[PDB]
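Comments concern the structure below.
Structure representation (C-alpha cells):
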C-alpha cells in the first residue's frame, strides 16, 4: 500500500550457477526472457537446463458494447515460468539423481534510486525462492526431499504424507494442540478481520480500482504478515468438504507457523500484536529481506519483556518506536495511530496523514500552521515543538524549513517525546542526556540500526538501557540534567564581566 | 402578520412572544409610591393601560410610539396589532 | 455480471504496462480482448467489441459501428512477409449453427401442404403462410435494469390468442390463427417494462366488429338488471371477447383447470373483476406477480379504441354526455382492475385520415382537448395523486395529422405519453412506389412525404421543434413484421400494385418470425437472405429490406441492425421510451436487439443467443428517393 | 382495542367500500345522532356522550395512547440496555399520534378589569374553552421520558452513572 | 456428551453491504 | 384522511385558550366572578 | 475537558440543523416538492428517520442505530402514514406481533429451528379430558412415588372405560362424504351409562395419500345432559349452522 | 429484504427510502459495525454535514469552506456562527479567564493608566460577541420609520396620538 506497483518487474537473483535477466527494462520485444540453470545431483551428476520466464498481466471487462475499450489502468501483475523439452532435449535425464539447485527471484522496482542524482535503476522490493528437481522417473517425495518426513516426525509427530490429513482443521487443531478460536485469532479470515484508519492516504489505488476485490487491508498486509511472508495468496479457512479445510499450506509456511505458535505460547500474546512487533523489527532491519528469525529480533523481544514488565509498555508503543505507527487495528478497536491524533475533534478538520510538506519554522501559511498545530496537539508545548523540529528535519534529510505529513516525521517525533517520558524525563531533558551519551541531541530522531560496524554509538537498545540506568542514578543522587550538563561543561552558564 | 407564520419564521414559541409584548398577563406594573408630571393618563377619559409597554418593557421595539404592538383577536388565526 | 477475463505477457524483465496483443493478419475475430491486426501493412488496433465482419480497412471509418479502428503503418516489409496481408476480405457465415432458433409446427407444415393454400417460400403459389408462432423458440436474454434507460413496452394484438389448428381446425383459411402463448414471456418476466393488450371498444361502434359490440352491450344490459346494476349506453366501454379475457387458459400460460367456457356476453359480467379474471387478464395478473418474484416491476396499461374501433370517436367526442359515460365506465374499469396504471387513446385520427369506417369532424381534436381535460380531472380527483394514472395517445405517423392534433393543448391538459405509430410508412396497395415502412430517417430530398419516403425523423423533428414538445413524453415503435410488394423495380421504385404480395396471415404482411422461417436465416452466426432473397440496405434512407428478383418481391422490415440503431437513437435523444408493435410476432430476437441498442446489459456472461453476429449489415444499395427518381 | 378502532387499518378491507370510515370499527360509535332526544343532557357524562359519540371516540383514543405509554414505561423500567430502544420506539409511535402541541394557537390575550366592570360587561365571552388537561398530561409525560432518553437518564430521570467523588 | 464440537463450529465470514446481500439472495 | 388526533377531531386549535391563564373558562378568577 | 467538546458538538449540530431547514430544504432542487411540508426538527426526525436532539451522553453501535432507523420507517408505513405502500393484514400482524422487536423475532426463529426446546409436557395443547384429572392430581404440591402410582392407576382405570366405549350413531355434515366432516355419539358399557361425542373430518388427506392426517380424528368429549331418562337407549346428534 | 420488496409496490410519488440517507444500504455488514461504539451525535452531524456539502456544491461553491458558510448566512435567526470565537470562549473558560482580562493584562502599560482605545477594545472583548454579530447589529436601518406616497397623502395621514407618551 505504501508504493505503486503498476509498473515493476522481476530479475534473477545473481548467482554464479544461474544466468538470465539481471536488470529490468522499460520495454522489450522478446516474449520471454531466457534463463539457464546449472545444477548438480548429489552424485555430482551435473547438468544445465534452459527455461523461459515472463511477466504477465491480466484484466477483465464487461460486454458493455456501447462504450469503447477504455483499457488503461493499474492491473494485476504476475510472474510466470515455463520449462520446455524443446530447449533441453539433449540432456537425457533418465538415470540422474533427481535433486538439483535452488532458484531465486527479486520482485523489483526500477526508478531513479536517487531522484536527484539520476541512478535510474531496477531495485528490489520483495524476494522469493524455489528449488528445482529433475527426475524422469517421476520420483516420490521420499526421493525428492526425504528430510521432510524426518522433520514432520520431530515437529509434528507425523509422516510428511500426513500433511494431506493436516490440511483439515480437525487434524490441524489436534496435532497442534489448539482450539480454532485461536486459529481465527491467527488467520483473521473470519470476524477477526483487519481494520484500517480512515484518515490515511495510500500510494496507489492498488486496491482502490473498480475491479479490486482483495479484502483490504489484507492479512498479508497486517496481522498475518510473518506467516504469509507477504505472498498475496494468504492462508484462510475455506468451506468444508467432509469437514472444514485450509486455503493453502506450503511446507515452508507450515514450518514458519510451527515456530510462530510456540513463540506465541511462550510470550502469551494475541497474534496480531505479536505479528506486528515481529514485522516491525525485521522490516526495520534492512538486512532481513527474507523475514527471518534473527538475533536483533530476539534481543528486541528481551527488551519488550523487560520494559513491558517494569513500565507497562504497550507493544504498539514499542513497535511504533522502532518502526512506523500502525494505521491498522484488528476487528474491534480504533487504530493506535488514529487514536493518538484524532483522539478527539478539536478543530474543523481531523488530522490526516498525507503527502506534502509545510514550513514548520513559522508556518505563517494558515494551512501549514493548522497542520503544525494539530501535530503540536501531541501533548507537548508549542515552544517545545521548535526545539524538536529542526533536528527531525535534519536527521531525516528534509529541506531545512519544511516537514512532511508522513509516518517518518511522525515516528521520529513520537520517539523523541515518548521515550524520555517513559522515564519521566522531559523530552527537553532527553536531548541533554543523549548528547551526554553521544554528543548528539537528535539521536533518537534517527531510524533504528543494526550496522555490522557495531559500535557503542549505534545500538538503540543498549543506548535505551543506558538512559534507564543513568536516569536511576541521577534521581538516586538527587541531581538534575541541566545542572549536570553545566557541570560537565556540556553547556555554558551565562556570565558577564562586572564592576 | 399571523402568529403562526411569525413564530415559525422566527423560530420562537409564543410564550416568549408574550414575554416580549407584555400585552397579555405579562403586563407592566408601577410603584404606588411615585408621583407623575401630568394626568396624561389620570383623567376620566384616559384608557391607555398604564403603564404602557411603550413606557416600559416594549420601549425599544415600539420606539415610544403610542400605537404599540400587541396580540389581537383571531380571524383565521390570532394576529398582530401593527407591524 | 457478464464479466470476461483476459491476459497479456512479456519477458520477465519488461517493466511495461500497456495491454499487449501481437500483430496478426486480419481474419475474422470477435470479443473483448485488445487486438492489433495488420491489414495492407496498416495495423489497426481494436477499439470496441470485435465483430465477425468488422474489416479494419473499412474500420478506418468505423472499426465497429460505434467507432473507427485506429491504425498506424508500423510494420516493416519483412513483417508484412512474416504475417501476410489479409486485404482480400470476405464475409462468411458459420459452417453450422451454434444455437437453434426455428422449431417445427406440424400444423403450419400441413398448412403449406393444404392445396387450398399450397404455400411455398418462393411465392410461386400461395403467398400467405399463416405460419403459427409455434415455429420458433423463445429468444429473450436476461438484462440488468437501469432507471436511466428509457422504457421498453409492447402492444399485444390479443386476438392472436387463437389458432384452430391447435384443436384440429385450420380447415378454413381464417382458422389458421397465430396461437400466441404468454408462457414464453412468463418464463422471461424481465423481458418487458410496460405491456398493453391492445384495443378496447365502446357501445357506439359503427365498425364491422360492431356486431359483437352490440351483442355484448345487449348481454351486459341483460345481466345488469338481474344484478341490480344500471344498463350501459353509448359511450360506455365494453369488452371484446369475454371468454378470451376471462376464461382462456391454454394459450395464456394458465393452468387449464382454471378455464371456464361458460363465460359469454350473457354470463361474463359477474367475472368482470380483477380477482375473478381467469383468462388473458388473469395471465397478466400472474405475470406481474412473477415480476415481483423476480424482483422486477411490470407495468400494465390498456389502450381504448383502435384501428377498427376508432369508428364512433367523432360522435363520442362531440357528445359531452357520452363523454361522461365514457369517463365513468373507464373509472369503473380501473376500480375493477386496479392493476392498470395507464390508458392509451387510440383514435386513428380525430381530423380524419384513419380507417374509412370512422365518424370524423375537424372539431374532434378540440373535442379531444375537452375529453383529455375531463378525463384528467375526473380520474385525478378520484384516485388521488398517490395513485395518479397515466394518459397516453397513439400519435399518427403523419405531419398532416399531428399538425391538427392540438397536442400542445393536450399537454396543457396533462397528457402523459405520446406513442408514435412510426410504422407502415409504406403500404402494399395505396403506395405508388415501394418504400420503407418504419425507417428512422428519410432519404435525401424525400419530398414532403405525403405518400412516400416518410420517416420517424420526419415526424419527431416537427413534434419537438415546430410543436416544441419534450421527447421525454414521446415513445418510438418498432414493428414485428415486414411489408411486401411484387414486381418491384428498384430503379424507379415502381411495383406491381394489386397482386399476391407475400405475407403470413394477409397479403403484403410477412410477419417477422415467418420471415425468418421462409426468406432469411441467422442461425449460421450471420444474417443472410435465402430462397432467392438477398439482404439489401438502402444507404439513402439507411433502411433494410429483402429483395427477390424472380417476382420483384420487395420487403422492407425492421432488422437487428435497424432496431439496435433505433435504440441508439432513442438513448441519444433521451426519448420517453420505445415499444414493440404487435409483440405477438417477435420471439425475442429484435427485443434483444432493442435492449442492446438502448444499452441494457446482460446479467450472465451467457445468453439465449448472441444478437451480436447478426448486426452484419445488408448489401449496400442506394435506393433513390422519389424526388431523385423524378428529377 | 382493535375491535373498536385500528389505526393500522388497511384498505385491503372492503368494509371501506361498504362505507366503513377509516380506522373506526364500531357502527354505534360511527353512525349519526338525530336529536330525536332530550333537548338538554342533564348530568351524565355517558348520556351526553351517547348524544355526542365523538366524546367516546376521544376517550377511546386516550385509552389506547395511554396503554402505549404504559408499555413504553415498563420497557424503560427494564434494567438491561436494549429495552431502552423498545421504549424509544413505543414513545415515538405515540407521539406520532399527536404531531405538535398547539402552543402558539393557545396563546392568551388579556385586559384587566374590576369586578364591577365584568358585571356590567356581562350584560346581554372573555374566557375560552382551554385545552383539556389530560392531553397536556400525556404530552408532558412523553416529553419527560424523551428528555431522559436525550440525556441517557433512568425512566425516573435519575442519573444512571454512579457519580463518583474524590479530590 | 464427549467433547464439544468447537473446531467444527468455527465461523467463516466475508463482509458485504445490504445491497450486496439483497442482490446475492436472488434465486 | 390520515389518522391523527386533529384529523379525527377537526378543530382549529386557535379556538381554544391556553390553560392556566385568566382567559381560562375555569380560572379561579372566573370562579370569583361567578360568585360575585 | 471533553464536556467542552460536547458543548461545541451540540451547538454545531444545532447550527447545522438550522442551516438544513433554513436553506437546504427551502432552496435545494430536490426538496422543491417536500418543502411543502418538511418544516421543523420533528419533520426532520420523521424524514431522516433519526433523532438529532440526542445529547452527547449517548453512545451506540452503527448497526444498532441503523436498525433503529429502519424500525422507525417500518412503523411509520405500518401506521399508514406515508403515501401508498399498504400492508396486508397478516403481514402487519406479524410485524406488530414479533418482527417489531429483535427478541421476539429471534424467539420465533428459534422456535422454528428447535421446537423441542419449547416443548413442555405441562403445556400440551392436545390433552385428554382425564389427562386434566391426572395432572390435577400430580400438581398437588410435594409428592411421593406411591401417591403418583395411585393417581396413574386412576387414570388407567378411566382409560379402561375409554377402551370400552361403544358407538351408537353418527350424522354427516353434508352430502359430500368424501370431504364433509361427520359426528358420532357413543356410550359406556359399564353402568351408569355415560355418553360422549366426537367428530371426524373427511378433509385433511395428503394429496398423495389414500389416507387422512391423525388430526382428522377429534377427541372424545363428555355430554352433560341428564340423559338417563331416555326412552329406549336411543339418541341422535345433529350439527347445523355450526351449532 | 422486506422493505426492499414492499417499495416495489408502486406509488412512484412517494419519497422512497433511498431518496434519503442513501448510505444506509451501503453500510457493510461486519464485526466492527456491530461491536465498536461511537456517539450518536457523531453520526448525526456527519450525515447532515454530508448533505450540506452536497448542497453547497449545488451552489457551485464546493470550493468554499462548509463551516465558513455559517460565517455569513444570516437566516434563520440562530444561523450566523463562528467556530474560532467559540473555541476561544471555551478555552479561556477552562482557564477561568476572560479574553478582555487577557488583553488588558497583555498591554505593556498599566491597566490603571492606559489608552482609551485599549479600554474600548477590552470592553468589546468583554462583550463575548463575535465580530459577525457585531457587524450585523451595526448595519444601518433599511426602512424609514414611515413611508408614504401621494395617494394616501392626498387621502390625508394621521400620526398616532403623542401626549400619552411620557
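Residue numbers (UniProt numbering), protein chains in the order written: chain A, 334 to 832; chain B, 500 to 582; chain C, 2 to 632; chain D, 635 to 758, 787 to 829; chain E, 732 to 758; chain F, 132 to 167; chain G, 2 to 244; chain H, 168 to 333. Quick reminder that beta carbons are idealized off the backbone N, C-alpha and C, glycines included.
Test: residue i CB closer than 8 angstroms to a CB of chain B
i, result
"residue 331/H", "yes"
Candidates the options: closest to residue i by CA position
i, options, result
"residue 426/A", "802/A, 352/A, 382/A, 343/A", "382/A"
"residue 720/D", "167/G, 105/G, 56/G, 29/G", "105/G"
"residue 547/A", "745/E, 754/E, 734/E", "745/E"
"residue 320/C", "485/C, 367/C, 456/C", "367/C"
"residue 900/A", "351/A, 349/A, 339/A", "The question about residue 900/A has no answer, for chain A in this structure spans 334 to 832."
"residue 736/D", "166/F, 144/F, 138/F, 151/F", "144/F"
"residue 240/C", "408/C, 159/C, 561/C", "159/C"
"residue 578/C", "194/C, 134/C, 145/C, 401/C", "194/C"
"residue 410/A", "18/C, 75/C, 127/C", "18/C"
Under 8 angstroms between C-beta atoms of residue i and residue j
i, j, result
"residue 200/C", "residue 283/C", "no"
"residue 743/D", "residue 572/B", "yes"
"residue 436/A", "residue 465/A", "yes"
"residue 461/A", "residue 486/A", "no"
"residue 478/C", "residue 580/C", "yes"
Neighbour flag for residue i against chain J, beta carbons, 8 angstroms
i, result
"residue 263/H", "In the structure shown, chain J cannot be found, because the protein chains are A, B, C, D, E, F, G and H."
Limits of the beta strand (DSSP E) - the one that residue i falls within
i, result
"residue 505/A", "From DSSP, residue 505/A is part of no beta strand (DSSP E) but of the alpha helix (DSSP H) over 502 to 509."
"residue 10/C", "4 to 12"
"residue 371/A", "366 to 374"
"residue 443/A", "432 to 445"
C-beta neighbour in chain D for residue i, strict 8 angstroms
i, result
"residue 159/F", "no"
Below-8 angstroms beta-carbon distance, residue i vs any chain H residue
i, result
"residue 389/C", "yes"
Residue i: CB within 7 angstroms of a non-hydrogen atom of the ligand SAM
i, result
"residue 108/G", "In terms of ligand content, the structure shown is empty, and the ligand SAM therefore cannot be addressed."
Residue i at chain E interface by Cβ criterion, 8 angstroms
i, result
"residue 308/H", "no"
Extent of the continuous alpha helix (DSSP H) to which residue i belongs
i, result
"residue 366/C", "365 to 384"
"residue 708/A", "699 to 709"
Assigned exposure category for residue i - 16 Cβ within 10 Å defines buried
i, result
"residue 330/H", "exposed"
"residue 800/A", "buried"
"residue 828/A", "exposed"
CB contact below 8 angstroms: residue i versus chain C
i, result
"residue 402/A", "yes"
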